[PDB]
Amino acid sequence: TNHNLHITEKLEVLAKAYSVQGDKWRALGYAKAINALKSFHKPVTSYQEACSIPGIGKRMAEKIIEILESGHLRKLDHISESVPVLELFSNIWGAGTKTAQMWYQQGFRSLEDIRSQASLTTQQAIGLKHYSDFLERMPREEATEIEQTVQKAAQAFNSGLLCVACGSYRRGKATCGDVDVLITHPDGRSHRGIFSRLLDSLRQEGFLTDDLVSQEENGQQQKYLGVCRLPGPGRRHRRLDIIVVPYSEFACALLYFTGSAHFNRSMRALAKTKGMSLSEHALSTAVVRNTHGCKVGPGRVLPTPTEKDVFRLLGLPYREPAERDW
DNA sequence: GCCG
DNA sequence: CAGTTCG
DNA sequence: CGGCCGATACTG
Ligand code: NA
Ligand code: NA
Ligand code: NA
């Protein structure tokens with residue numbers, strides 16, 4: 001489908017540069033310009049042919065031009081030398097742009113430096129320990145094995161439990177960055193305080209290797225982010241994210257967890273324009289917001305039994321998971 | 001960065 | 001709280 | 001001018 005990879009290749013480099021340096025809004029700007037150019041059909045050929053495209057402005061158009069003319073972007077040759085390092089550091093799970101910039105300011109330039117001299121949080125030490133594994137995707141077939149593993153351990157103590165793999169898996173991708181397992185129960189209450197049992201069952205069989213986010217000393221735990229590894233030879237550590245939700249929030253939870261991320265954001269931005277609000281918990285109407293668009297009035301939750309209801313309530317035609325990459 |  | 005993370 | 005998703009859910 002990519003009819004502009006010549007340009008949406010030089011821009012991505014610029015986009016990730018801005019992202020790692022912390023200029024998040026400018027990076028979001030570039031992401032959309034790129035997220036669009038790709039979705040095009042014909043290779044842009046005119047400054048006017050560019051502007052006409054949503055997500056592209058005069059500034060972006062100009063840069064697009066210099067490429068379809070200079071085959072290069074002068075900007076890319078003035079990118080700070082720190083960027084590759086910031087990117088290297090930022091790819092450690094648990095370390096964001098603030099930690100990357102700090103480490104760099106402190107003279108660190110490689111993972112070696114980070115390993116031997118950086119002060120690491122428990123999450124970052126886990127992230128560094130599986131640095132290569134966290135950058136690899138897995139065949140969807142393996143994701144299936146992981147979901148099945150969790151579902152089996154979950155239904156083992158309550159067969160009523162509904163378990164579904166979401167994210168890229170549900171969107172039908174060939175490979176998955178991690179496994180997103182959503183768990184809920186049709187009765188509306190049996191899903192309470194199950195984490196304790198599930199996580200222990202999984203730890204028992206040595207399936208879980210590391211925990212990244214798991215507030216277990218509190219019975220109100222909603223999510224778990226960790227590392228698991230199927231048994232046998234040739235197996236790599238994989239990221240596992242599990243959320244347990246009340247049946248009444250099932251649809252919204254499923255929509256959220258299925259993504260994509262940019263899809264969720266667009267849909268939520270849409271809800272806001274209609275005086276509504278969408279979250280992994282619910283779709284609300286009559287929401288009261290202030291001048292800066294901040295939620296200052298809860299409004300009321302709308303009945304959303306299925307994903308279709310959410311789309312319907314927002315005045316949108318339904319979309320199968322596979323059609324939600326953006 | 002884009003857009004209203 | 002600031003940072004980072006999930007989709 | 002100023003928002004860009006969510007009153008993310010955790011961590012320390
Ligand atoms: Na990171
Ligand atoms: Na995922
Ligand atoms: Na914990």
Side-chain angles (χ1 to χ4, degrees), chain A residues 11 14-15 17-19 22-36 50-51 53-57 59-64 75 90 92-102 119 121-124 126-127 134 165-171 176-182 211-218 220-226 239-245 252-273 276-284 287-293 295 297-299 321 324-325:
Chain A
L11 293 179
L14 196 48
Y18 287 128
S19 187
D23 193 335
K24 62 175 301 182
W25 298 132
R26 179 177 299 285
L28 176 65
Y30 278 69
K32 297 194 171 185
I34 298 175
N35 196 297
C51 299
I53 315 175
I56 303 183
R59 294 169 163 291
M60 199 57 75
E62 293 179 58
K63 299 182 193 297
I64 291 180
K75 200 58 163 289
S90 185
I92 291 174
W93 201 97
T97 183
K98 295 298 180 178
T99 303
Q101 292 271 44
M102 178 187 78
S119 185
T121 64
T122 302
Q123 304 178 332
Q124 304 169 333
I126 288 178
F134 285 13
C166 310
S168 58
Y169 181 85
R170 188 165 182 254
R171 298 205 303 284
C176 308
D178 60 24
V179 182
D180 305 300
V181 185
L182 171 47
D211 305 322
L212 289 162
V213 176
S214 195
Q215 195 171 67
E216 297 165 61
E217 57 288 306
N218 188 296
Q220 296 309 83
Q221 174 167 37
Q222 300 185 55
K223 65 182 183 182
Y224 169 84
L225 303 197
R239 291 183 295 119
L240 171 61
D241 301 339
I242 298 171
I243 61 178
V244 175
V245 308
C252 287
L254 181 65
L255 182 70
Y256 154 68
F257 226 22
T258 296
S260 71
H262 289 297
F263 171 80
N264 287 336
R265 293 174 78 164
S266 300
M267 183 161 270
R268 297 181 180 198
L270 173 54
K272 178 175 291 192
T273 64
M276 301 165 78
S277 76
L278 176 66
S279 80
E280 37 264 55
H281 293 302
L283 174 70
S284 298
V287 165
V288 184
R289 294 189 167 75
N290 62 51
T291 307
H292 301 59
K295 200 175 189 180
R324 304 176 196 173
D325 293 307

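Every chain is numbered from 1 and lettered A, B, ... according to where its sequence line falls, protein lines coming before strand lines.
- With hydrogens and angles left out, the side chain of A:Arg59 and the base of B:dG1 share no donor-acceptor pair within 3.5 Å.
- Checked by atom type, the side-chain pair A:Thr258/A:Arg170 shows a donor-acceptor distance below 3.5 Å.
- Map A:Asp180 and A:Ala100 each onto its nearest nucleotide of DNA chain C; the residue landing nearer the 5' end is A:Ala100.
- Nucleic acid contact class of A:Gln222 (heavy atoms, under 4.0 Å, all strands): sugar-phosphate only.
- Of the side-chain N and O atoms in A:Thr99, one or more sit less than 4.0 angstrom from OP1 or OP2 of C:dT4.
- Between A:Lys272 and D:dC4, a side-chain N or O to OP1/OP2 separation shorter than 4.0 Å is present.
- A sub-4.0 Å separation between OP1 or OP2 of D:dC5 and a side-chain N or O of A:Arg265 is present.
- Nucleotide D:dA7 forms no Watson-Crick or G-U wobble pair with any nucleotide shown, as no partner meets the under 3.5 Å limit on both distances.
- Distances from the side chain of A:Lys295 to the nucleotides D:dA7, C:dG7, D:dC5 place D:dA7 closest.
- Atom CD of A:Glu62 and atom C1' of B:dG1 are 12 Å apart (whole Å).
- We find that the ring of A:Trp25 and the base of D:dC4 stack, their centres lying under 5.5 angstrom apart and their planes tilted less than 30°.
- Between A:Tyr224 atom OH and D:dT8 atom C1' the separation is 19 Å, expressed in whole Å.
- Phosphate contact (OP1/OP2 of C:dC6, side-chain N/O of A:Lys223, threshold under 4.0 Å): absent.
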